[PDB]
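Worksheet: one structure, shown below.
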Amino acid sequence: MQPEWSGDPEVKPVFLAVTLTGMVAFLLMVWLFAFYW
Amino acid sequence: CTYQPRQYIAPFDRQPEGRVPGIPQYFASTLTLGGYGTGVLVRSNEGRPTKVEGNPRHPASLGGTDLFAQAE
Amino acid sequence: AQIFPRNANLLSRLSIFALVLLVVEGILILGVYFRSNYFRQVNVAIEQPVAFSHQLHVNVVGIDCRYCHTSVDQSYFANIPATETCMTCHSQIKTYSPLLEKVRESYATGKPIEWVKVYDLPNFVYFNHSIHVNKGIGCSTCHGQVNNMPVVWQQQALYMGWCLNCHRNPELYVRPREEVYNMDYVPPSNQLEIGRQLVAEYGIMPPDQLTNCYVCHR
Ligand code: HEC
Ligand code: HEC
Ligand code: HEC
Ligand code: HEC
Ligand code: HEC
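Chains as they are written, first to last, in the deposited numbering: chain I, 1 to 37; chain B, 76 to 147; chain A, 2 to 219.
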């Protein structure tokens with residue numbers, strides 16, 4: 001069974017955006033809790 | 076809001092001669108229960124008595140102390 | 002289509018995304034506030050009642066640290082100077098000066114000068130300058146260039162982690178004594194080798210012992 005959104009231009013872009021958001025959040029959190037002191 | 080209050084510090088105007096700040100001293104004094112003296116060595120944290128102990132060179136108080144001398 | 006407009010799909014997805022971003026932002030703000038310089042009073046020159054300048058007396062007049070903080074190497078407490086030490090110079094120097102009036106107000110009455118404590122520990126930490134100084138640590142890798150400080154500020158927040166970083170890795174901060182010598186001392190390029198050699202020579206205990214609770218807290 002295909003996903004409902006299969007065959008959409010927006011799928012790769014939304015996945016990318018979610019990954020970029022996540023990476024940014026992770027780096028910022030890491031900096032504050034590990035390197036900011 | 077801040078981690079802690081100003082915590083001002085007040086020093087001396089003339090230092091005591093034999094005192095090193097933050098180092099307790101010990102002085103020899105006598106405490107009497109029935110009118111009979113028992114030698115005691117008492118710790119003076121900063122010029123204030125804080126802990127009574129026994130005087131090893133005093134007969135009837137060789138290090139050991141009675142509860143009444145401790146609770147003075 | 003029954004009860005919602007066309008853009009409700011985008012609005013709902015963006016609302017979820019914004020809610021997650023807001024939660025992350027709130028966590029970040031809380032952490033930053035609790036690790037801020039304003040909260041911990043770092044790099045803030047606390048104004049003093051008598052306006053004493055370490056730069057003038059140390060860097061210009063040239064007075065040793067132990068002339069004022071005389072108990073630093075013998076007890077846990079670095080003796081804050083008495084008015085007697087202040088008056089040994091100012092009975093003759095800069096007498097009849099409006100900014101030395103408070104000092105002259107003391108030494109005539111028994112009232113002390115209420116300095117504001119810059120470096121403050123929460124009375125369950127039990128620090129000791131004596132062992133530290135004697136073991137090859139100076140008030141430059143431990144306090145800052147106080148020699149050039151018109152108004153003393155807190156160089157770093159005294160975190161539990163800060164103390165534990167150097168208690169665990171003391172070979173990056175240990176110096177060859179001369180710790181009271183003017184803090185013009187600069188660590189050499191081969192700090193690691195010299196630090197290891199000094200750790201071996203002074204007999205500094207491994208982190209198995211220096212990170213125990215009753216080392217600091219009692
Ligand atoms: C042994 C494993 C412990 C435990 C359980 C704790 N510490 Fe420490 N501690 C040290 C310093 C300088 C501070 C002050 C931190 C600051 O001012 O920001 C602390 C503080 C703590 C806390 C916080 C208490 C609070 O109410 O906020 C706690 C929970 C704590 N410690 C636990 C210094 C040291 C040490 C220096 C060598 C070491 C060792 C320890 N602490 C060890 C412990
Ligand atoms: C040699 C360069 C030093 C170092 C490393 C320090 N002092 Fe002093 N000091 C003096 C007085 C009267 C004060 C209190 C007034 C004020 O804080 O402005 C101080 C204060 C300090 C501090 C901070 C105290 C605190 O509570 O955190 C520190 C870390 C410090 N000193 C280190 C007096 C003198 C003095 C004249 C008698 C001279 C010389 C020194 N200090 C030298 C040093
Ligand atoms: C005890 C901790 C103190 C305090 C509170 C101060 N001093 Fe001194 N001081 C000394 C010298 C040679 C000078 C400069 C002389 C000059 O400017 O002509 C000073 C200066 C000061 C000032 C500034 C006064 C002004 O600018 O007019 C202040 C506020 C001050 N001191 C406070 C010499 C000594 C000294 C060695 C002889 C010692 C010890 C102290 N001072 C101690 C203190
Ligand atoms: C690196 C510059 C350090 C900082 C930061 C702190 N301490 Fe320290 N401490 C340091 C050394 C090189 C030593 C000697 C260790 C030895 O075994 O000789 C110490 C030791 C102490 C001790 C005594 C250890 C003991 O076994 O009794 C105490 C109580 C101590 N240090 C306290 C302490 C605190 C509370 C600190 C944070 C404010 C702290 N030290 C930071 C080096 C360094
Ligand atoms: C380890 C880092 C050091 C070293 C080697 C020195 N200082 Fe000290 N100092 C330090 C702490 C963590 C504190 C706070 C103490 C507290 O109870 O909160 C202090 C404090 C002082 C003070 C204030 C008076 C006092 O607390 O006794 C003075 C003055 C002071 N330190 C001066 C000082 C001098 C002259 C040193 C020799 C170079 C020195 N410190 C070393 C941390 C450390």
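Don't be surprised by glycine CBs; every beta carbon is placed ideally from N, CA and C.
Contact residues of ligand 3 (beta-carbon closer than 7 Å to any heavy atom; chain order) are A:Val51, A:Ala52, A:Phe53, A:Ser54, A:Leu57, A:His58, A:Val62, A:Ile64, A:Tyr68, A:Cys69, A:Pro82, A:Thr86, A:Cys87, A:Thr89, A:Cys90, A:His91, A:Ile94, A:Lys95, A:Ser98, A:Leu100, A:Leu101, A:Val104.
Within the segment 147 to 177 of chain A, complete alpha helix (DSSP H) segments of at least 4 residues are found at 161 to 169, given in chain order. CA-to-CA, the gap between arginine 105 of chain A and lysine 112 of chain A works out to about 11 Å. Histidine 133 of chain A has its alpha-carbon roughly 16 Å from the corresponding atom of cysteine 66 of chain A.
Counted as a single uninterrupted DSSP element, the beta strand (DSSP E) harbouring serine 119 of chain B occupies residues 112 to 119. For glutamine 49 of chain A, the shortest C-beta to heavy atom distance toward ligand 2 is below 7 Å. In the structure shown, the three-state DSSP call for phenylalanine 5 of chain A is coil.
For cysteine 143 of chain A, the Cβ falls inside the 7 Å cut-off from some heavy atom of ligand 5.
If you check each beta-carbon in the segment 102 to 127 of chain A against every beta-carbon of chain B, the ones closer than 8 Å belong to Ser107, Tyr108, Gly111, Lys112, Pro113, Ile114, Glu115, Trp116, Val117, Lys118, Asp121, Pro123. For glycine 93 of chain B, no CB of chain A lies under 8 Å from its own CB, so it is not counted at the interface with that chain. Between the C-alpha atoms of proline 50 of chain A and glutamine 79 of chain B there is a straight-line separation of about 20 Å.
Within chain A, the residues placing a beta-carbon under 7 Å from that of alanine 25 of chain I are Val25, ordered along the chain. Between the segment 107 to 123 of chain A and the segment 122 to 134 of chain B there are fewer than three C-beta pairs closer than 8 Å, too few to call the two in contact. Counting along the chain, the unbroken alpha helix (DSSP H) around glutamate 106 of chain A starts and ends at 102 to 106. Contact between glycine 97 of chain B and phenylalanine 78 of chain A holds, with the beta-carbon distance rounding to 3 Å and staying under 8 Å. Between the alpha carbons of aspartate 185 of chain A and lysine 126 of chain B lies a gap of roughly 44 Å. When only Cα atoms are considered, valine 25 of chain A and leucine 27 of chain I end up about 12 Å apart. Residues of chain A with a Cβ closer than 8 Å to the Cβ of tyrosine 101 of chain B do not exist, since the nearest Cβ in that chain sits about 16 Å away. In the structure shown, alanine 103 of chain B falls within a strand segment according to DSSP collapsed to helix, strand and coil.
With respect to the 8 Å criterion, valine 126 of chain A and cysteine 217 of chain A are classified as neighbours on the basis of their beta carbons.
At a cut-off of 7 Å, the beta-carbon of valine 216 of chain A counts as near ligand 4: some heavy atom of the ligand is closer than that.
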